[PDB]
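Given next, in structure tokens, is a single chain: the form deposited without the DNA.
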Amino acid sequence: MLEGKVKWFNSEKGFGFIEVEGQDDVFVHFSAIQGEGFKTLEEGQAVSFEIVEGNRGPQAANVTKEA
């Protein structure tokens, strides 16, 4: 998985972008968030994820809150 950083996340709306080096920011939606509990992410937070690309373009998948 890649490892990146939550660039920003709009906790009300439920989406934002991940920063990963040598790629562009990756769009992230709450449904990609792994774990139990309210799905949300903080700016600055480190996460491990994959980028899954279909016909809608690239988005993050399997976001796990790393440290």
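By rigid core we mean the largest C-alpha set that fits within 1.5 Å across both forms. Numbers follow the displayed sequence, beginning with 1.
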After a rigid core fit, does 45-53 or 20-28 show more C-alpha displacement in 4 other deposited structures of this protein?
20-28
Fitting on the core, do the C-alphas of 5-13 or of 54-62 deviate more in 4 other deposited structures of this protein?
54-62
Residue range whose averaged C-alpha B-factor is higher in the record, 40-48 or 53-61
40-48
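The form solved in complex with the DNA exists for this protein as well; it is not shown, and the discussion that follows is about that form.
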Is there a non-hydrogen atom of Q34 within 4.5 angstroms of a non-hydrogen atom of the DNA in the deposited bound form?
no
According to a 4.5 angstroms non-hydrogen atom cut-off, is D25 in contact with the DNA in the deposited bound form?
yes
Heavy atoms within 4.5 Å of the DNA in the deposited bound form: does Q59 have any?
yes
Does the DNA come within 4.5 Å of any heavy atom of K5 in the deposited bound form?
no
